[PDB]
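Undergrad: Here you go, one structure.
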Amino acid sequence: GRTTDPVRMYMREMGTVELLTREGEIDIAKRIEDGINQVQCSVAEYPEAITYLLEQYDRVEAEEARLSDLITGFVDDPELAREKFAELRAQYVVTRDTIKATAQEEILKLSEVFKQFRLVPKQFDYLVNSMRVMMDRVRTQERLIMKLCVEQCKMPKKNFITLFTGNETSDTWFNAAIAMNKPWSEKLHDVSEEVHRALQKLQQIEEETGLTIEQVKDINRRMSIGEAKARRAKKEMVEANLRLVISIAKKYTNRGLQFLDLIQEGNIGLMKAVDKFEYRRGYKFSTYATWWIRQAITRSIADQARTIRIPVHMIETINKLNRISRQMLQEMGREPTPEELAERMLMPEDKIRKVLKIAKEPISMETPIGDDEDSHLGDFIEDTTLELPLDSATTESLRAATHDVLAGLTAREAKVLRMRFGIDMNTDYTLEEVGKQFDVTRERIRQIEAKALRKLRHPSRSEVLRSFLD
Amino acid sequence: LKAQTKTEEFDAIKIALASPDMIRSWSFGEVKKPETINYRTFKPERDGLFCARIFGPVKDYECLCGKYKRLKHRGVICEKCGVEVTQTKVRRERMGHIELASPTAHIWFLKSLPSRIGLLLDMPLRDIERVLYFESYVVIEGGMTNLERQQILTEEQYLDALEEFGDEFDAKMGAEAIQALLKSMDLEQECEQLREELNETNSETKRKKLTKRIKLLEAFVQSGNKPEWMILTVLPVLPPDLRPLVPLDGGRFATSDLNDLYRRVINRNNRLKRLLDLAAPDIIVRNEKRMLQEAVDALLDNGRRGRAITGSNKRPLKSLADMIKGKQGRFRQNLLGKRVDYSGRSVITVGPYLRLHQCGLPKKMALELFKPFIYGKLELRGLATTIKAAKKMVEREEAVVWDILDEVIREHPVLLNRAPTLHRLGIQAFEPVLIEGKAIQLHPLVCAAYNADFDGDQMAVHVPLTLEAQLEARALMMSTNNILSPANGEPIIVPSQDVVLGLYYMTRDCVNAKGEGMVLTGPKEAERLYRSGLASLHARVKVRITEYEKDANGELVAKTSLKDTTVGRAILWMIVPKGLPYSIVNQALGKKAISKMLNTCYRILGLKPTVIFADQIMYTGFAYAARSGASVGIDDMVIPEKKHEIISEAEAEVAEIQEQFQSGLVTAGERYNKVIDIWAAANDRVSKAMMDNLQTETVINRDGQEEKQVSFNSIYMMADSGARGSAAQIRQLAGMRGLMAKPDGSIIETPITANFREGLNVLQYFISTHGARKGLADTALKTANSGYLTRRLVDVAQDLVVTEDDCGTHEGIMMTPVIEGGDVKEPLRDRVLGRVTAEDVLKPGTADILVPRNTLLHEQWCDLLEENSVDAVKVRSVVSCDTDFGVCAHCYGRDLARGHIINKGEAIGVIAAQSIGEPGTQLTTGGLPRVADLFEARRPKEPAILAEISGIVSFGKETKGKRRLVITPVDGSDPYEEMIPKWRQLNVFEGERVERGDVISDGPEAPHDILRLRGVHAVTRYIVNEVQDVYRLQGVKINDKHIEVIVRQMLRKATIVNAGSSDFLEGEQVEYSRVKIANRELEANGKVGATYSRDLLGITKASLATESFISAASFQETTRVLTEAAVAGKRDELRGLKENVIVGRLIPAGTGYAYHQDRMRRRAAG
Ligand SMILES: [Mg+2]
Ligand SMILES: [Zn+2]
Ligand SMILES: [Zn+2]
């Protein structure tokens, strides 16, 4: 059943999925539009989503940000941007004061203008995240207040949802429902200090966000549903189109990456293709997806397929260098000289050699050499970074020699010479430093040092040290 | 006292499964990128397989960025890019890790033959793999609904079952599944339940598997390993320098294959994290998880799935498993070999001038080898200012350095070794003698030990460095300290060829020669008579000699007399030291006699006199052989005059039988046998003609007309002395050679009539060629078989070492002369020699103890036993030794290159294996494969069967493929009934009584049977006698000892019958077991002591069990051993040879036995 070799358990697993009809593509894409627009509208119905954008533009003109980090532009320059944002702020400052039944008609239009803005994906993500996190904030108090009644103070949930729905803020449910003389009613008193105090952040939500706990759920719930529809449809599309990825990736086989690696990178490319596709331009999804998949494949190959990573332009350069070789090889009768393709190429032309070197892939250290025996290439690589013991002994002896010779000079000259150099001490010392230490400073030291050298210069002293210089 | 925290000198080692947190403990950073180096500036890209931050600085004590370059700043972590500046060596040490996205199976525990994840979960392998590949769903903690815990479901099935039960049911798939299974698993509860189930149901099938599995589980619990660790959350990365990118000539780079693999792993991992963050469809992320699994598997152990190939190169890439395993079968770099400093080698030459304690060492070689000593000795005397100047001097080869070299050489031994090292004598220590030349000079008497010809064989030299090595080489490996083969007490220093032709030519006698009949005062004027040309080397003469006998008490008696001897014998006598009687030199002095001279000298005078004796023997043998003028001409090989006539008559016989086949009186095959027989008889006749003519034909006159003696012809003297040549080869020279045989083995009926002295024609030569090629092939093959055999032997023995002094058991085997079928195929004296007596022995009359309980029987004791008629002696052996985990020296015997009792701590297993192995080249069901069969205890092809129990037997039932045999013991119950196939002809009498172990059929019998139905002494006796039959039929001398220690190693394990401590049927150490029942017989339970049954394990099988896992990982399949040990959390205490060899410390034997013992007692103590 399963031969293993994961190429197969993939090839067979995807091969179940049926190819889409030309109409099915448009059905699915329409579904995509439905989902997304649902989340967009759900974003437009959030007051904080508006106010935040406003504050952010107040920061943009204050030079604390840039127009590129807020909008990707609207449907449609800084002046046009300024006036569009002016329009937005206008609808906001009207809708805000009209909260005194009729206001809805404007709160709808307030969404519309807010929908004119095409947000940077990052900003959009920040908004959505803010919404769902705020819903975490709501769920915190919902579950706190629920557990403090049901789990701790022993109340049934069936009677717990009765005064909940429609209110879940004011004192109608907390203070007026404990007098009901139910078996669970008098038990609500022990926890009353904990429920009423944590009810502060609850009602607070209807202040910051500007929505009763009722709406806060409905809106981003609708959002959740929309996102679901979106991801569902897009996934469906990609799953339908994997075969294309495979068929393309078969071209890129031996470039130095594995088959499944190829088709996976290409799969990612197909995902991006679904994410950026618009069916309204009439362009066939096939030939549109092809470029993207081929792009992901080639880009990835260029990037990760070597032990030594090389920049893209360099790779392409090498390739051109290969083309020239292919043409001029039989044309020149043997092969073009190493400097031949050089002038054929635009750049400084000695670069060939340099490039021609760095292009080469490193030879496997396990590459077997003669006898077929355990002799392998890496066995013969010698450590050149090791210091030979023959020298190590001399490094050990030089210390004794220079120590004895440094026992020779006057105790102060010895200190000055051991100081001017790193002898038996940390780092080494500037002559000014030596001066400040010794209290007898500047030119002085430089003189003593000289004479010190002079004492060790002519041989009695010199016969021991001179033997060291080879 | 505070015990310690940081570095000590460690003991044992431990191996187990690795926690993710542990893998993190090792890891000094997470390598997040496939990048290696920057591509222009070759600096490591930060957090990549090669990295400065995670692993270490590129150059010594230098930050990567270049800020802190000073040897002062050290513990500093650079602010720019954190790198603690420290030696580049730490890039050879520091590990790393990678946090994988999805869990991953560790391919070793999935694919090891007894799949660990599989049998821990009682889950079949193919199912688990089907789960890992996302080919099906598996349940975990099914609760009570419809479903088994380990049950597997398909897509639709999982859907349906899920629709039925939302919760209180759980199923996963992929790696996360298996990991969840392992984590959820409660071993203890399974233990309880399995104990119960073991108890309730009675079936063999049920409780066998039941007990095996419960034992497995509880072992795994006791380990400290938690099952989850078989699934890798984190993957450790190996230090960069152990998989280096280092540059080459031409600016090219070369790197280990582990980089490709690690790279792939990191790539697919990161891409998986990406695919998770992109909310990819299942079919994609699944493929990615699988690919990651494959990449990781390929990294750890490649080849158990797809065998991935390296970039642009077809050849599969070497994985970490392949890194550990190595190649050339099982070789771990302490095994196949290791390169060594202070060494050399070259072509070898003779050097007869040498004393036996020295060897010629080429000048230049000595200079280069001893170069560091020379440097130190040069500046110690002050001839060189500093070490640099010393180098300059020895490089200049200044005149003064040679004397200094003569200084450092004097008392400093060197080790000499040859190519096929078999027995310990393959390496011998010598005192170096400076020689002008490029060739190594090696003492002639040693040539036998090395099996070294002079045809261009090479020898390798090794300089013992440390003081302990010098003294080891001098007191152990020294040439003079081994004069005797460890296999048998006979001298290996026996004179070889030229020398024995010399001593043979010297003492021999012709009929009439110069100085015949005269008389001389002593050997002095005998030699003086010879050198002056007055008297001939060989002439019958009476001379006065003074011999000695030490036969007083420690004292040499003197006696003088007129001996009838020759001139040559008289001259030679000057050499023979002290207490030896003149009787020894008064013979013809053949190789055997010339050897026994040495042997007696050693068993009388001691070591030193024997050494110098052998030396003088060599010198005089060479000198006099040279004087002798021995040579070989074409006329030295004498063909029988009657040859052609024999040929003709024997050729008449063939035409007789041919005429009969023409007339049809005889059948073709019968004819074939007839003709072959007449030709064979012919060859025998010609051989026994040329032998008489060659041997006795000297016909020479003393004072009369004629007398005849043994020939002085060169080739005869050579063949007779034992120098070189033999009756067969000489027969091939003069007489006709043999009858050949086609590769089939059908012997050709037209033999080679011509010999080598005559010409062979075309056909004859062509036919000889096959014999030649098959000869070379077979010999070159038997070398390999020998090596393999010795290998199995030391593998099965090794760690066996003399440990205790005397176990003090009366136990031992009855030693009789071998007495086979004829007269005495081997005496009693050889079998009992050097062996300790188990108990006192008797004269024919008694209360007279000749040999008193346990005493080494040396030559004098054995001769005292020989004076008396004693046919029987009970002797302590290594197989019967009461001591556990080793042999007591008192049991072993004396045998060694020294005649004294075996030392405490010498490793006997090795020398036994070697002693059995070395002659193995000289062995021809029978043969070396027969030897192998014996040591492997293989049940033969057509074995006999022995009576299970004594008492009257009869036949029962019928013809089902077995006609049953019913045995009837006298007092006891009958029911033993064995099924004997009746198509095999029986022996046992239907109406007669048969003792247990009698012949119920014919053919060889499996030693398992001999062990069970006869018993331990009987089985060890069978093995030793049969293998010794094989060797002795070839003329190979091997003491019974070595074979007996191998035998002891064979029977090391046994299966229990009764109970009261451990499990019922377990095969286990009889050391452990016996020490447990000896301990159980008192204290403890009053006696609960269990009964076992001795088992026989073949040598290749017995080698499998070794306490130390490091040892097992050497010669066994490494991959399996490491896993199997890791699951049990096995803790290797070393304690053996091989393990300590691998880990690189002192061997727990020999010189090191004082160390390891002193440490052994410190362990498990205060
Ligand atoms: Mg040879
Ligand atoms: Zn730095
Ligand atoms: Zn013993």
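Identifiers for the structure tokens are assigned positionally: chains receive A, B, ... in sequence, residues are indexed from 1 per chain, and ligands are indexed from 1 in the order shown.
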As a PyMOL selection string, please: every protein or nucleic acid residue near ligand 3 (cut-off 10 Å, counting only C-alpha atoms and all ligand atoms).
TA: chain B and resi 802-812+876-884+886-892
Undergrad: Using only C-alpha atoms and all ligand atoms, which protein or nucleic acid residues are at most 9 Å from ligand 2, as a list in words?
TA: residues 62, 63, 64, 65, 66, 67, 68, 77, 78, 79, 80, 81, 82 and 83 of chain B
Undergrad: Would you mind listing the residues within 7 Å of ligand 1, counting only C-alpha atoms and all ligand atoms, as a PyMOL selection string?
TA: chain B and resi 452-457
Undergrad: When the cut-off is 8 Å and we count only C-alpha atoms, which residues of chain A are near chain B, given as an NGL selection string?
TA: :A and (2 or 4-6 or 9-10 or 13-14 or 235 or 238-239 or 256 or 260-261 or 264 or 267-268 or 271 or 304 or 307-310 or 357-358 or 360-366 or 374 or 378 or 391 or 393-394 or 397 or 426-427 or 464 or 467-468)
Undergrad: Extract, using only C-alpha atoms, all DNA, RNA and protein residues at most 10 Å from residue B:1099, discarding same-chain residues fewer than 5 positions from it, and format them as a ChimeraX atom specification.
TA: /B:789,792-797,932-937,1046-1047,1049-1051,1104
Undergrad: Could you write out that same residue set with N, CA and C atoms as a PDB file, in the first residue's frame?
TA:
```
ATOM      1  N   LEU B 789      39.694 -16.558  12.960  1.00  0.00           N
ATOM      2  CA  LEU B 789      39.596 -17.466  14.098  1.00  0.00           C
ATOM      3  C   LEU B 789      40.201 -16.879  15.377  1.00  0.00           C
ATOM      4  N   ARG B 792      37.904 -14.167  16.742  1.00  0.00           N
ATOM      5  CA  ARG B 792      36.800 -14.732  17.517  1.00  0.00           C
ATOM      6  C   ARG B 792      37.292 -15.201  18.886  1.00  0.00           C
ATOM      7  N   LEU B 793      38.501 -15.751  18.913  1.00  0.00           N
ATOM      8  CA  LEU B 793      39.073 -16.259  20.157  1.00  0.00           C
ATOM      9  C   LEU B 793      39.357 -15.173  21.197  1.00  0.00           C
ATOM     10  N   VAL B 794      40.057 -14.108  20.809  1.00  0.00           N
ATOM     11  CA  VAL B 794      40.366 -13.055  21.772  1.00  0.00           C
ATOM     12  C   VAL B 794      39.094 -12.303  22.125  1.00  0.00           C
ATOM     13  N   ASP B 795      38.134 -12.302  21.206  1.00  0.00           N
ATOM     14  CA  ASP B 795      36.852 -11.681  21.486  1.00  0.00           C
ATOM     15  C   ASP B 795      36.127 -12.454  22.568  1.00  0.00           C
ATOM     16  N   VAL B 796      36.230 -13.776  22.512  1.00  0.00           N
ATOM     17  CA  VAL B 796      35.558 -14.597  23.506  1.00  0.00           C
ATOM     18  C   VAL B 796      36.346 -14.673  24.813  1.00  0.00           C
ATOM     19  N   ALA B 797      37.647 -14.397  24.755  1.00  0.00           N
ATOM     20  CA  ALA B 797      38.459 -14.469  25.969  1.00  0.00           C
ATOM     21  C   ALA B 797      38.831 -13.095  26.530  1.00  0.00           C
ATOM     22  N   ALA B 932      37.127 -24.697  13.717  1.00  0.00           N
ATOM     23  CA  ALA B 932      36.089 -23.675  13.818  1.00  0.00           C
ATOM     24  C   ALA B 932      34.745 -24.266  14.244  1.00  0.00           C
ATOM     25  N   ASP B 933      34.390 -25.411  13.667  1.00  0.00           N
ATOM     26  CA  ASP B 933      33.139 -26.086  14.000  1.00  0.00           C
ATOM     27  C   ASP B 933      33.120 -26.478  15.464  1.00  0.00           C
ATOM     28  N   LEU B 934      34.264 -26.948  15.946  1.00  0.00           N
ATOM     29  CA  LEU B 934      34.405 -27.359  17.333  1.00  0.00           C
ATOM     30  C   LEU B 934      34.199 -26.177  18.264  1.00  0.00           C
ATOM     31  N   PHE B 935      34.920 -25.090  18.009  1.00  0.00           N
ATOM     32  CA  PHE B 935      34.817 -23.921  18.875  1.00  0.00           C
ATOM     33  C   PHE B 935      33.469 -23.210  18.761  1.00  0.00           C
ATOM     34  N   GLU B 936      32.762 -23.449  17.663  1.00  0.00           N
ATOM     35  CA  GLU B 936      31.428 -22.891  17.488  1.00  0.00           C
ATOM     36  C   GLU B 936      30.363 -23.853  18.005  1.00  0.00           C
ATOM     37  N   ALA B 937      30.811 -25.031  18.438  1.00  0.00           N
ATOM     38  CA  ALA B 937      29.940 -26.048  19.020  1.00  0.00           C
ATOM     39  C   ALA B 937      28.777 -26.408  18.103  1.00  0.00           C
ATOM     40  N   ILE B1046      39.614 -21.305  26.669  1.00  0.00           N
ATOM     41  CA  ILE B1046      38.607 -21.029  25.652  1.00  0.00           C
ATOM     42  C   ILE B1046      37.326 -21.785  25.986  1.00  0.00           C
ATOM     43  N   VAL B1047      37.480 -23.055  26.351  1.00  0.00           N
ATOM     44  CA  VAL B1047      36.358 -23.885  26.769  1.00  0.00           C
ATOM     45  C   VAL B1047      35.611 -23.271  27.949  1.00  0.00           C
ATOM     46  N   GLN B1049      35.437 -20.184  28.704  1.00  0.00           N
ATOM     47  CA  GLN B1049      34.702 -19.037  28.186  1.00  0.00           C
ATOM     48  C   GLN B1049      33.450 -19.483  27.426  1.00  0.00           C
ATOM     49  N   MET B1050      33.518 -20.656  26.803  1.00  0.00           N
ATOM     50  CA  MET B1050      32.375 -21.191  26.069  1.00  0.00           C
ATOM     51  C   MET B1050      31.200 -21.523  26.992  1.00  0.00           C
ATOM     52  N   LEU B1051      31.500 -22.114  28.143  1.00  0.00           N
ATOM     53  CA  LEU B1051      30.462 -22.562  29.074  1.00  0.00           C
ATOM     54  C   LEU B1051      30.097 -21.539  30.156  1.00  0.00           C
ATOM     55  N   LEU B1104      29.047 -12.417  22.273  1.00  0.00           N
ATOM     56  CA  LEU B1104      27.937 -11.469  22.263  1.00  0.00           C
ATOM     57  C   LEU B1104      27.713 -10.835  23.632  1.00  0.00           C
TER      58      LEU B1104
END
```
Undergrad: Between B:512, B:506, B:813, B:427, single out the one closest to residue B:707, counting only C-alpha atoms.
TA: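 So, comparing all the options, the nearest one is B:512.
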Undergrad: According to DSSP computed on the backbone, where in stretch 87-276 of chain A is there alpha helix (DSSP H)? Give the residues as a PyMOL selection string.
TA: chain A and resi 87-95+104-116+121-147+171-174+192-197+199-208+213-249+259-276
Undergrad: Find the spatial neighbours of stretch 316-321 of chain A, counting only C-alpha atoms, within a cut-off of 9 Å - ignore same-chain residues fewer than 5 positions away - and output them as a ChimeraX atom specification.
TA: /A:326,341-342,344-345,352,355-356,359
Undergrad: Could you turn the residues from that selection into a file that holds N, CA and C atoms, as a JSON list (two decimals), in the first residue's frame?
TA:
```json
[["chain", "number", "residue", "atom", "x", "y", "z"],
["A", 326, "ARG", "N", 29.27, 27.95, -23.98],
["A", 326, "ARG", "CA", 28.53, 27.05, -24.87],
["A", 326, "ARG", "C", 28.62, 27.48, -26.34],
["A", 341, "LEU", "N", 35.77, 35.31, -22.76],
["A", 341, "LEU", "CA", 34.38, 35.62, -22.44],
["A", 341, "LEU", "C", 34.31, 36.90, -21.62],
["A", 342, "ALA", "N", 35.48, 37.32, -21.15],
["A", 342, "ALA", "CA", 35.67, 38.49, -20.31],
["A", 342, "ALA", "C", 35.20, 39.78, -20.96],
["A", 344, "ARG", "N", 33.39, 39.76, -23.67],
["A", 344, "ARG", "CA", 32.03, 39.45, -24.10],
["A", 344, "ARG", "C", 31.08, 39.89, -23.00],
["A", 345, "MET", "N", 31.54, 39.74, -21.76],
["A", 345, "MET", "CA", 30.81, 40.22, -20.59],
["A", 345, "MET", "C", 31.09, 41.69, -20.28],
["A", 352, "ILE", "N", 36.08, 37.34, -14.11],
["A", 352, "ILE", "CA", 35.83, 35.97, -14.56],
["A", 352, "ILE", "C", 36.53, 35.05, -13.59],
["A", 355, "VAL", "N", 35.09, 35.15, -10.11],
["A", 355, "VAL", "CA", 33.78, 34.52, -10.15],
["A", 355, "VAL", "C", 33.96, 33.03, -10.38],
["A", 356, "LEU", "N", 34.73, 32.71, -11.43],
["A", 356, "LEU", "CA", 34.92, 31.33, -11.86],
["A", 356, "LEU", "C", 35.40, 30.45, -10.70],
["A", 359, "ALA", "N", 32.30, 30.15, -7.73],
["A", 359, "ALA", "CA", 31.16, 29.38, -8.24],
["A", 359, "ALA", "C", 31.24, 27.90, -7.87]]
```
Undergrad: Could you tell me how far atom CA of residue B:672 lies from atom CA of residue B:760, in Å and to one decimal?
TA: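 Distance reported for this atom pair: 24.6 Å.
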Undergrad: A:57, A:92, A:174, A:285: which is nearest residue A:78, counting only C-alpha atoms?
TA: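 Counting only C-alpha atoms, the residue closest to residue A:78 is A:57.
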Undergrad: Quick one: residues within 8 Å of residue B:426, only C-alpha atoms, excluding same-chain residues fewer than 5 positions away - as a list in words?
TA: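 The contact residues come out as residues 417, 418, 420, 421, 449 and 450 of chain B.
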Undergrad: Find the spatial neighbours of residue B:983, counting only C-alpha atoms, within a cut-off of 12 Å - ignore same-chain residues fewer than 4 positions away - and output them as number ranges by chain.
TA: B: 958-963, 979, 1001
Undergrad: Keeping only N, CA and C atoms, write those residues as a compact mmCIF listing (two decimals), in the first residue's frame.
TA:
```
# COMPACT_ATOMS: atom_id res chain seq x y z
N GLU B 958 4.76 -46.68 15.77
CA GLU B 958 5.16 -46.99 14.39
C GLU B 958 5.39 -45.76 13.50
N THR B 959 6.47 -45.80 12.72
CA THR B 959 6.50 -45.30 11.34
C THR B 959 5.72 -44.02 11.00
N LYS B 960 5.74 -43.02 11.89
CA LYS B 960 5.11 -41.75 11.55
C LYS B 960 6.12 -40.75 11.01
N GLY B 961 7.34 -41.23 10.81
CA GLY B 961 8.50 -40.39 10.61
C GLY B 961 9.41 -40.47 11.82
N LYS B 962 8.85 -40.96 12.93
CA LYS B 962 9.61 -41.35 14.10
C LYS B 962 9.02 -42.63 14.70
N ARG B 963 9.86 -43.65 14.89
CA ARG B 963 9.43 -44.83 15.63
C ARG B 963 9.95 -44.68 17.06
N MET B 979 11.55 -39.54 20.25
CA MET B 979 11.07 -39.90 18.94
C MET B 979 12.28 -40.02 18.03
N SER B 1001 22.86 -44.63 18.08
CA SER B 1001 23.10 -44.53 16.64
C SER B 1001 24.58 -44.24 16.41
```
Undergrad: With a distance cut-off of 6 Å and only C-alpha atoms, select the neighbouring residues of stretch 989-993 of chain B, excluding the residue or stretch itself and same-chain residues fewer than 6 positions from it, and output the selection as number ranges by chain.
TA: B: 951-952, 954
Undergrad: Suppose you want the space between atom CA of residue B:771 and atom CA of residue B:1026; what is it in Å?
TA: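 Separating atom CA of residue B:771 from atom CA of residue B:1026 is a distance of 29.3 Å.
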Undergrad: Of the candidates B:746, B:662, B:713, B:150, which shows the shortest atom-to-atom distance to residue B:696, using only C-alpha atoms?
TA: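 Nearest to residue B:696: B:713.
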Undergrad: Select, from A:466, A:313, A:132, A:415, the residue with the minimum atom-to-atom distance to residue A:452, counting only C-alpha atoms.
TA: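 The shortest atom-to-atom distance to residue A:452 comes from A:415.
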Undergrad: May I ask for the distance between atom CA of residue B:585 and atom CA of residue B:709, given in Å to one decimal place?
TA: 20.1 Å
